[PDB]
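Report on one structure; see the data block that follows.
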Amino acid sequence: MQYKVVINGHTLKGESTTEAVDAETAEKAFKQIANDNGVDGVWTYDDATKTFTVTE
């Protein structure tokens, strides 16, 4: 399944996508991306669009 993270950061604004078997797998990948970029925000998940949002 095609999952996406929308990054609403103070400095970094954008999106990343990954193919994953489930949302738990995708989530762990997107949290590492946020960690790698120092993005520290609140996480929400929208399963209608398989999209995570992290909002700083």
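Residue 22 in the deposited numbering is what sits at position 22 of the sequence shown, and the numbering runs on without skipping anything.
Positions of the beta carbon are idealized from the N, C-alpha and C atoms, including for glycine.
How should residue i be labelled, buried or exposed, when 16 other C-beta atoms within 10 angstroms of its C-beta is the threshold for buried?
i: residue 21; result: exposed
i: residue 48; result: exposed
Tell me which residues share the same chain as residue i and place their Cβ nearer than 7 angstroms to its Cβ, disregarding the 5 neighbours each side in the sequence.
i: residue 39; result: 7, 9, 12, 54 and 56
Which first and last residues belong to the beta strand (DSSP E) in which residue i is found?
i: residue 4; result: 2-8
i: residue 49; result: Careful: residue 49 lies outside any beta strand (DSSP E) and carries neither H nor E.
With DSSP as the reference, identify every bridge partner of residue i, one or two as the case may be.
i: residue 14; result: 7
Whose C-beta lies closer than 6 angstroms to the C-beta of residue i among residues of the same chain, with five residues either side of it excluded?
i: residue 42; result: 55
i: residue 16; result: 5 and 33
Starting from residue i, trace the alpha helix (DSSP H) both ways and give me its first and last residue.
i: residue 26; result: 23-36
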